[PDB]
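One chain comes next, on its own, written as structure tokens: the form deposited in one PDB entry.
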């Protein structure tokens, strides 16, 4: 084994927080002092080589079935649930952009570490205290055409999903391509269809999404660009922003 292995006895699963397939997620205490999250799996790790403030941190692992993966605890759960919850209705464009910046900053690290996530979506972003967001869990509606058809997943197919994730943020959690089943989405997107600008969303934020959805993967911006554009959005791109009714 490796230095990531711990004894199961050192773990204390208390509350169940997630009903999942091929597993479940539990909250608990580690070494009696640390609050942790434990993901159990039912009958390799890129999470060991990756470390960043905007990626959910691995703490330890029981590699003997029952398998337990111990990670840092994110107190508000999934970004999708957070957006569709009681507070999401109060999120305005400034908090939504800042959340996008944290995800972009996590993805920039993945990018310069030369890895690919393959399933970037609000469901896989975890929220913590203080609107902290972290990427986790390293689906056609979020997958780039070349990836969903030919299995060509690169950092640039993640950039595509990042754009869809922006539509999730600016709609407060709505599903992409409303009213469309998977087959019509793939058929229309191949013919050049792109989701329009969500209501009350500035055109400059939609312009960024369209950049993420360019057919040519190399023409799509990097996460480093995306991070800087969004961190600086209200000064350099939309200095005259004014809160509207629902954003």
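Basically, rigid core = biggest C-alpha set you can superpose within 1.5 Å across the two forms. Residue numbers count along the first chain shown, from 1.
Per the record, residue 138 and residue 139 are separated by 10 or more deposited residues that are missing from the model. The modelled chain is continuous from residue 179 to residue 180, since every residue of the deposited sequence in that stretch has coordinates. Legend: mean Cα B-factor per stretch from the PDB entry, 44 to 52 versus 179 to 187; the higher mean is in 44 to 52. Once the C-alpha B-factors are averaged per stretch, 59 to 67 and 214 to 222 rank with 59 to 67 first.
Among the modelled residues of its chain, residue 10 has a C-alpha B-factor that falls in the highest third, as given in the PDB entry. In this PDB entry, residue 202 carries a Cα temperature factor that places it within the middle third of its chain's modelled residues.
Annotation for residue 153: CA B-factor lies in the middle third of the chain's modelled residues. Residue 115: CA B factor lies in the middle third for its chain, per the PDB record. In the PDB entry, a CA B factor belonging to the middle third of its chain's modelled residues is recorded for residue 232.
The following text describes the form deposited in another entry, which does not appear among the structures shown.
Superposed on the rigid core, the two forms differ between the shown form and the other one by 2 Å or more at the C-alpha of one listed residue only; from 190, 65, 207, 184 that residue is 65. Core-superposed comparison between the shown form and the other one: the Cα of residue 228 travels less than 2 Å.
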